[PDB]
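S.K.: So here's protein.cif (mmCIF, C-alpha atoms).
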```cif
data_protein
loop_
_atom_site.label_atom_id
_atom_site.label_comp_id
_atom_site.auth_asym_id
_atom_site.auth_seq_id
_atom_site.Cartn_x
_atom_site.Cartn_y
_atom_site.Cartn_z
CA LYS K 1 -8.63 -3.09 -31.85
CA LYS K 2 -9.61 -5.00 -28.69
CA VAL K 3 -12.04 -3.55 -26.15
CA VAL K 4 -11.57 -3.98 -22.40
CA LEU K 5 -14.41 -3.08 -20.07
CA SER K 6 -13.65 -2.16 -16.46
CA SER K 7 -16.40 -2.40 -13.85
CA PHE K 8 -15.66 1.06 -12.39
CA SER K 9 -13.47 4.15 -12.73
CA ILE K 10 -10.59 2.95 -10.51
CA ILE K 11 -10.03 -0.20 -12.57
CA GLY K 12 -10.55 1.65 -15.85
CA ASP K 13 -7.85 4.19 -14.97
CA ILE K 14 -5.46 1.41 -13.83
CA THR K 15 -6.08 -0.41 -17.12
CA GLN K 16 -5.54 2.74 -19.18
CA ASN K 17 -2.08 3.15 -17.64
CA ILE K 18 -1.12 -0.45 -18.47
CA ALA K 19 -2.66 -0.58 -21.95
CA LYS K 20 -1.84 3.00 -22.99
CA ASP K 21 -4.25 2.86 -25.94
CA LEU K 22 -3.09 -0.55 -27.24
CA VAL K 23 -6.72 -1.51 -26.48
CA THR K 24 -9.91 0.51 -26.01
CA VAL K 25 -10.57 0.83 -22.27
CA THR K 26 -14.21 1.44 -21.36
CA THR K 27 -15.82 1.78 -17.96
CA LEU K 28 -19.21 0.56 -16.74
CA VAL K 29 -19.62 2.46 -13.45
CA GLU K 30 -18.28 5.86 -14.49
CA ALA K 31 -16.77 8.34 -12.04
CA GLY K 32 -19.52 9.79 -9.85
CA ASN K 33 -21.69 6.69 -10.06
CA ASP K 34 -21.86 4.28 -7.20
CA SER K 35 -20.25 0.88 -7.77
CA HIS K 36 -22.25 -0.34 -4.78
CA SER K 37 -25.69 -0.04 -6.40
CA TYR K 38 -25.73 0.75 -10.09
CA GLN K 39 -28.38 0.44 -12.74
CA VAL K 40 -26.85 -0.92 -15.93
CA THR K 41 -28.42 1.06 -18.80
CA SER K 42 -29.19 0.03 -22.40
CA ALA K 43 -26.11 1.95 -23.52
CA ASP K 44 -24.19 0.00 -20.85
CA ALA K 45 -25.39 -3.26 -22.40
CA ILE K 46 -23.66 -2.09 -25.58
CA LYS K 47 -20.30 -1.67 -23.75
CA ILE K 48 -20.85 -5.12 -22.26
CA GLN K 49 -21.42 -6.61 -25.74
CA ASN K 50 -18.35 -4.94 -27.26
CA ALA K 51 -16.06 -6.11 -24.44
CA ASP K 52 -13.37 -8.59 -25.43
CA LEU K 53 -12.40 -8.72 -21.76
CA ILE K 54 -14.26 -7.65 -18.63
CA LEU K 55 -12.26 -6.61 -15.58
CA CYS K 56 -14.11 -6.80 -12.26
CA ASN K 57 -13.03 -6.00 -8.72
CA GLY K 58 -14.71 -9.03 -7.26
CA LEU K 59 -14.96 -9.22 -3.47
CA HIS K 60 -18.69 -8.79 -4.18
CA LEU K 61 -18.30 -5.20 -5.42
CA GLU K 62 -20.29 -5.90 -8.57
CA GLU K 63 -22.75 -8.30 -7.01
CA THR K 64 -25.89 -6.26 -7.72
CA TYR K 65 -25.02 -6.04 -11.44
CA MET K 66 -23.07 -9.22 -12.21
CA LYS K 67 -26.30 -10.48 -13.79
CA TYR K 68 -25.91 -8.05 -16.70
CA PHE K 69 -22.59 -9.66 -17.59
CA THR K 70 -24.53 -12.26 -19.55
CA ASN K 71 -25.14 -13.07 -23.25
CA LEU K 72 -21.51 -12.06 -23.79
CA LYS K 73 -19.34 -12.04 -26.91
CA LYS K 74 -17.97 -15.55 -27.49
CA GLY K 75 -14.64 -15.93 -25.75
CA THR K 76 -15.06 -12.83 -23.54
CA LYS K 77 -13.87 -13.67 -20.02
CA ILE K 78 -14.62 -11.86 -16.76
CA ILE K 79 -11.38 -11.34 -14.75
CA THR K 80 -11.36 -10.61 -11.02
CA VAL K 81 -8.43 -8.22 -10.62
CA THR K 82 -8.24 -8.85 -6.87
CA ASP K 83 -7.03 -12.45 -7.39
CA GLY K 84 -4.38 -13.16 -4.76
CA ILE K 85 -5.64 -10.57 -2.27
CA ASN K 86 -6.56 -12.11 1.07
CA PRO K 87 -10.13 -10.82 1.71
CA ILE K 88 -11.11 -8.90 4.84
CA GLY K 89 -14.64 -9.60 6.09
CA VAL K 90 -17.36 -7.01 6.77
CA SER K 91 -18.37 -8.59 10.09
CA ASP K 92 -17.01 -15.46 8.71
CA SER K 93 -18.89 -13.04 6.44
CA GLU K 94 -19.15 -11.19 3.11
CA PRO K 95 -15.83 -9.70 1.86
CA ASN K 96 -15.09 -5.99 2.24
CA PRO K 97 -14.52 -4.89 -1.41
CA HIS K 98 -12.16 -1.93 -0.89
CA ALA K 99 -8.92 -3.82 -1.68
CA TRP K 100 -7.53 -1.05 -3.95
CA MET K 101 -6.99 1.31 -0.98
CA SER K 102 -3.51 -0.16 -0.40
CA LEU K 103 -0.03 0.26 -1.79
CA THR K 104 0.68 -3.47 -1.88
CA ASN K 105 -2.73 -4.19 -3.42
CA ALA K 106 -2.15 -1.52 -6.06
CA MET K 107 0.71 -3.69 -7.29
CA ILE K 108 -1.56 -6.75 -7.40
CA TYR K 109 -4.32 -4.98 -9.41
CA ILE K 110 -1.68 -3.82 -11.90
CA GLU K 111 -0.20 -7.32 -12.19
CA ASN K 112 -3.58 -9.05 -12.59
CA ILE K 113 -4.57 -6.54 -15.26
CA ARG K 114 -1.16 -6.85 -16.97
CA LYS K 115 -1.57 -10.63 -17.02
CA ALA K 116 -5.11 -10.40 -18.43
CA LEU K 117 -4.21 -7.81 -21.09
CA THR K 118 -1.27 -10.02 -22.13
CA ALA K 119 -3.44 -13.14 -22.47
CA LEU K 120 -6.01 -11.14 -24.51
CA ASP K 121 -3.39 -9.46 -26.68
CA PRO K 122 -0.17 -11.55 -26.56
CA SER K 123 1.53 -9.78 -29.45
CA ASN K 124 1.83 -6.73 -27.23
CA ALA K 125 3.26 -8.67 -24.24
CA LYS K 126 6.45 -6.61 -24.07
CA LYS K 127 4.58 -3.31 -24.02
CA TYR K 128 2.17 -4.36 -21.26
CA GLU K 129 5.24 -5.59 -19.35
CA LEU K 130 7.05 -2.26 -19.68
CA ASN K 131 3.89 -0.25 -18.99
CA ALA K 132 2.97 -2.19 -15.88
CA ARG K 133 6.49 -1.74 -14.48
CA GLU K 134 6.49 1.99 -15.16
CA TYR K 135 3.09 2.47 -13.64
CA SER K 136 3.84 0.33 -10.56
CA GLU K 137 6.90 2.52 -10.08
CA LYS K 138 4.96 5.79 -10.48
CA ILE K 139 2.54 4.52 -7.84
CA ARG K 140 5.37 3.50 -5.48
CA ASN K 141 7.17 6.80 -6.00
CA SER K 142 4.07 8.88 -5.21
CA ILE K 143 2.72 6.83 -2.34
CA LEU K 144 5.69 5.34 -0.54
CA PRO K 145 6.81 8.77 0.84
CA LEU K 146 3.30 9.09 2.33
CA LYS K 147 3.61 5.63 3.89
CA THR K 148 6.97 6.68 5.33
CA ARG K 149 5.41 9.73 7.03
CA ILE K 150 2.50 7.72 8.43
CA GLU K 151 4.68 4.92 9.81
CA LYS K 152 6.12 7.56 12.17
CA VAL K 153 2.82 7.55 14.10
CA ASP K 154 3.10 6.49 17.75
CA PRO K 155 1.44 3.06 18.20
CA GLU K 156 -1.36 4.35 20.45
CA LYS K 157 -2.44 6.69 17.64
CA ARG K 158 -2.58 4.01 14.92
CA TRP K 159 -6.25 4.27 13.96
CA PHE K 160 -7.98 5.01 10.65
CA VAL K 161 -11.53 6.09 11.51
CA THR K 162 -13.95 6.57 8.63
CA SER K 163 -17.65 6.50 7.79
CA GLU K 164 -17.75 3.53 5.38
CA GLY K 165 -15.23 0.76 6.20
CA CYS K 166 -13.24 1.78 3.09
CA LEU K 167 -9.75 1.68 4.66
CA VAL K 168 -9.57 -1.84 6.11
CA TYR K 169 -7.03 -2.90 3.45
CA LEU K 170 -4.99 0.27 3.93
CA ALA K 171 -4.98 -0.46 7.70
CA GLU K 172 -3.76 -4.01 7.07
CA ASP K 173 -1.18 -2.75 4.54
CA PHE K 174 0.37 -0.08 6.80
CA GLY K 175 -0.33 -1.71 10.21
CA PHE K 176 -3.16 0.45 11.64
CA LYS K 177 -6.48 -0.46 13.21
CA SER K 178 -9.66 0.73 11.44
CA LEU K 179 -12.96 1.90 12.97
CA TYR K 180 -15.99 2.89 10.91
CA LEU K 181 -19.72 3.55 11.04
CA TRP K 182 -20.90 1.02 8.38
CA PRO K 183 -19.13 -1.65 6.22
CA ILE K 184 -20.51 -0.67 2.81
CA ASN K 185 -22.30 2.48 1.59
CA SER K 186 -26.02 1.97 0.86
CA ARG K 187 -26.42 2.28 8.65
CA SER K 188 -26.78 0.75 12.14
CA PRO K 189 -27.04 2.46 15.57
CA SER K 190 -24.95 -0.23 17.30
CA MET K 191 -22.05 0.33 14.91
CA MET K 192 -22.29 4.05 15.55
CA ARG K 193 -22.35 3.41 19.32
CA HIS K 194 -19.34 1.04 19.10
CA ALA K 195 -17.40 3.64 17.13
CA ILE K 196 -18.12 6.30 19.76
CA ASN K 197 -17.16 3.97 22.60
CA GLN K 198 -13.96 2.89 20.84
CA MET K 199 -12.93 6.42 19.91
CA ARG K 200 -13.37 7.65 23.48
CA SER K 201 -11.64 4.57 24.86
CA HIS K 202 -8.61 5.11 22.60
CA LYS K 203 -8.51 8.93 22.46
CA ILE K 204 -8.90 8.81 18.69
CA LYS K 205 -8.64 12.38 17.40
CA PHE K 206 -10.28 12.34 13.95
CA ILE K 207 -13.03 10.74 11.88
CA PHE K 208 -13.42 11.09 8.12
CA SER K 209 -16.27 10.83 5.71
CA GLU K 210 -15.98 10.07 2.01
CA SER K 211 -16.84 11.59 -1.34
CA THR K 212 -19.99 9.55 -2.02
CA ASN K 213 -21.65 9.51 1.41
CA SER K 214 -22.94 11.94 4.04
CA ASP K 215 -20.56 13.77 6.35
CA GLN K 216 -23.29 14.16 8.98
CA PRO K 217 -22.78 10.79 10.78
CA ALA K 218 -19.04 11.55 10.97
CA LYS K 219 -19.57 15.05 12.36
CA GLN K 220 -22.06 13.76 14.95
CA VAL K 221 -19.54 11.12 16.06
CA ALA K 222 -16.76 13.71 16.15
CA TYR K 223 -18.88 15.87 18.46
CA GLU K 224 -19.91 13.06 20.83
CA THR K 225 -16.35 11.76 21.02
CA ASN K 226 -14.72 15.17 21.38
CA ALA K 227 -12.66 14.29 18.29
CA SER K 228 -12.43 16.33 15.09
CA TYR K 229 -14.10 15.81 11.73
CA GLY K 230 -11.26 14.90 9.40
CA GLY K 231 -12.80 16.04 6.09
CA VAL K 232 -13.59 14.04 2.94
CA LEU K 233 -11.60 11.12 1.48
CA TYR K 234 -11.84 9.70 -2.04
CA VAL K 235 -12.24 5.94 -2.08
CA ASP K 236 -15.24 4.75 -4.10
CA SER K 237 -14.83 6.64 -7.34
CA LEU K 238 -12.43 8.87 -9.23
CA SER K 239 -13.35 12.52 -9.00
CA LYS K 240 -14.52 14.56 -11.98
CA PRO K 241 -11.54 15.56 -14.20
CA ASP K 242 -11.06 18.91 -12.47
CA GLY K 243 -11.54 17.42 -9.00
CA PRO K 244 -8.63 16.29 -6.76
CA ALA K 245 -8.67 12.61 -7.62
CA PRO K 246 -9.15 12.15 -11.41
CA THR K 247 -6.80 9.14 -11.54
CA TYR K 248 -6.21 6.11 -9.30
CA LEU K 249 -2.75 7.43 -8.41
CA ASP K 250 -4.31 10.83 -7.60
CA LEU K 251 -6.99 9.15 -5.46
CA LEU K 252 -4.44 7.23 -3.38
CA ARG K 253 -2.19 10.25 -3.13
CA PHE K 254 -5.02 12.56 -2.09
CA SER K 255 -6.65 10.31 0.50
CA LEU K 256 -3.37 9.16 2.06
CA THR K 257 -2.04 12.74 2.11
CA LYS K 258 -5.17 13.87 3.91
CA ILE K 259 -4.83 10.98 6.37
CA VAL K 260 -1.11 11.74 6.96
CA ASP K 261 -1.97 15.41 7.56
CA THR K 262 -4.38 14.38 10.31
CA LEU K 263 -2.01 12.01 12.10
CA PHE K 264 0.56 14.73 12.77
#
```
When written as structure tokens, how does the structure in this file appear?
M.R.:
Amino acid sequence: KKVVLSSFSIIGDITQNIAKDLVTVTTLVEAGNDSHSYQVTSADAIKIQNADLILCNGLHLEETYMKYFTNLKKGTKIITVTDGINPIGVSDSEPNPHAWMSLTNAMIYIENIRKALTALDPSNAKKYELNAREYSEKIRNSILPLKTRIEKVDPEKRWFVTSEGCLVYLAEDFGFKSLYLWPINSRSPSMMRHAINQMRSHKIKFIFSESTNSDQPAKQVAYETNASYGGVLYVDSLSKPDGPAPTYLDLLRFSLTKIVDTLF
């Protein structure tokens, strides 16, 4: 039975829906851990060795730990599941990694992973094909109604304001502008100042924080801008199994629902 290692919980959950146990799906950066700066353990080196296929986000998400993807099983390839996604910069700069916060991009992750599972395990081609279609459809069915709500927003109010710049691909996908306090979790006064200026200038009403960073910068900004603190979004990691976002579909549904519920 083939083993497929995902770099973090979002990709592992996507892969589990496509593979449905036709392969063993393991995860390096488990839910709760930070994909941005992670110490690969000895036990992790075992998962890396057993991997027949390694699925990475790319867009520099894994850059601090790519070095551990070495001394691999012969024939084990590392696949970037964001292939075909036009990168958004952090600034000509380093890519923002958060491509999976997007309905369109969801479909691309699924397709990339479908393609890679099929190349690894061609005798199951027709099952990966069916599974990917079903899962793409589940995603669309859950998320598209949310997109429909949010597209009702008046143009002047088309802003996603967050702490990390985790929503830049969602913004692109749905046609909003995005403001944030820092590009990638792991801070700068000028960015904070710019966010305050921009919020005031545009009458932006809400700023979020996220599940793996501090809410304090967001609350401070909310105060100084006379806006409201939006609450916590899930972007960087699946929640614990009894939390609100234990699956990638649940994560998109939760975060977009909470955004929608702010815009109206």
S.K.: Smallest atom-to-atom distance to residue 49 of chain K: which of K:199, K:81, K:167, K:3, using all atoms listed in the file?
M.R.: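 Checking each of K:199, K:81, K:167, K:3 against residue 49 of chain K, counting all atoms listed in the file, the winner is K:3.
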S.K.: Residues at most 7 Å from segment 239-254 of chain K, counting all atoms listed in the file, excluding those fewer than 6 positions away in the same chain, as JSON, numbers by chain?
M.R.: {"K": [10, 13, 14, 31, 32, 101, 139, 142, 143]}
S.K.: Quick one: pull the distance between atom CA of residue 55 of chain K and atom CA of residue 78 of chain K, Å, one decimal.
M.R.: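 The value is 5.9 Å.
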S.K.: Can you pull out every residue within 10 Å of residue 41 of chain K, counting all atoms listed in the file, but drop anything in the same chain fewer than 4 positions away, and send it as a ChimeraX atom specification?
M.R.: /K:28,45-47,68
S.K.: Neighbouring residues of residue 23 of chain K were defined as those with any atom within 10 Å, considering only C-alpha atoms; residues of the same chain fewer than 2 positions away were excluded. Please report them as a VMD selection string.
M.R.: chain K and resid 1 to 4 15 to 16 18 to 21 25 to 26 52 117 120 to 121
S.K.: Pull the neighbourhood of (4.2, 6.7, 2.5) for me: all residues within 12 Å in file coordinates, counting only C-alpha atoms, as a PyMOL selection string.
M.R.: chain K and resi 102-104+139-153+170+173-174+252-261
S.K.: List as number ranges by chain the protein and nucleic acid residues near residue 93 of chain K, meaning an atom at most 12 Å away when all atoms listed in the file are counted, but skip any in the same chain fewer than 3 places from it.
M.R.: K: 59-60, 87-90, 96, 183
S.K.: For residue 76 of chain K, please output as a PyMOL selection string all residues within 7 Å (counting all atoms listed in the file; exclusion window: fewer than 3 positions along the same chain).
M.R.: chain K and resi 51-53+72-73
S.K.: Could those selected residues go to a file with C-alpha atoms, as a PDB file, keeping the file's coordinate frame?
M.R.:
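Everything below was put into selection.pdb:
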```
ATOM      1  CA  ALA K  51     -16.060  -6.110 -24.440  1.00  0.00           C
ATOM      2  CA  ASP K  52     -13.370  -8.590 -25.430  1.00  0.00           C
ATOM      3  CA  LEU K  53     -12.400  -8.720 -21.760  1.00  0.00           C
ATOM      4  CA  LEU K  72     -21.510 -12.060 -23.790  1.00  0.00           C
ATOM      5  CA  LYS K  73     -19.340 -12.040 -26.910  1.00  0.00           C
TER       6      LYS K  73
END
```
S.K.: Between atom CA of residue 138 of chain K and atom CA of residue 9 of chain K, what distance in Å does the model show, to one decimal?
M.R.: 18.6 Å
S.K.: Check what the PyMOL selection byres ((chain K and resi 215-219) around 10) selects in the file above and give those residues as a list in words.
M.R.: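 Selected by the PyMOL selection byres ((chain K and resi 215-219) around 10) here: residues 161, 162, 163, 164, 180, 181, 187, 192, 206, 207, 208, 209, 210, 211, 212, 213, 214, 220, 221, 222, 223, 224, 225, 227, 228, 229, 230, 231 and 232 of chain K.
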S.K.: As an exercise, work out the distance from atom CA of residue 7 of chain K to atom CA of residue 29 of chain K in Å and give it to one decimal place.
M.R.: 5.8 Å
S.K.: With distances taken over only C-alpha atoms, which residue among K:126, K:98, K:40, K:62 lies nearest residue 234 of chain K?
M.R.: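 For residue 234 of chain K, the nearest of the candidates is K:98.
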S.K.: Considering all atoms listed in the file, state which residue in the set K:67, K:128, K:27, K:100 is at the smallest distance from residue 236 of chain K.
M.R.: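 Residue with the minimum atom-to-atom distance to residue 236 of chain K: K:100.
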S.K.: When you count all atoms listed in the file, which of these residues is closest to residue 122 of chain K: K:74, K:12, K:69, K:22?
M.R.: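 With all atoms listed in the file as the atom set, the closest residue is K:22.
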S.K.: Between K:201, K:188, K:82, K:17, which residue has the minimum interatomic distance to residue 56 of chain K, considering all atoms listed in the file?
M.R.: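 Answer, going by the shortest atom-to-atom distance: K:82.
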S.K.: Which residues would end up in the selection if the PyMOL selection byres ((chain K and resi 176) around 9) were applied here, given that I need the answer as an NGL selection string?
M.R.: :K and (155 or 157-160 or 168 or 170-175 or 177-178)
S.K.: Measuring between all atoms listed in the file, which one of K:169, K:63, K:134, K:11 shows the shortest distance to residue 85 of chain K?
M.R.: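 The shortest atom-to-atom distance to residue 85 of chain K comes from K:169.
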S.K.: Using only C-alpha atoms, find all polymer residues with an atom at most 12 Å away from the point (2.0, -8.5, -12.4); report them as an MDAnalysis selection string.
M.R.: chainID K and resid 18 81:84 104:118 125 128:136
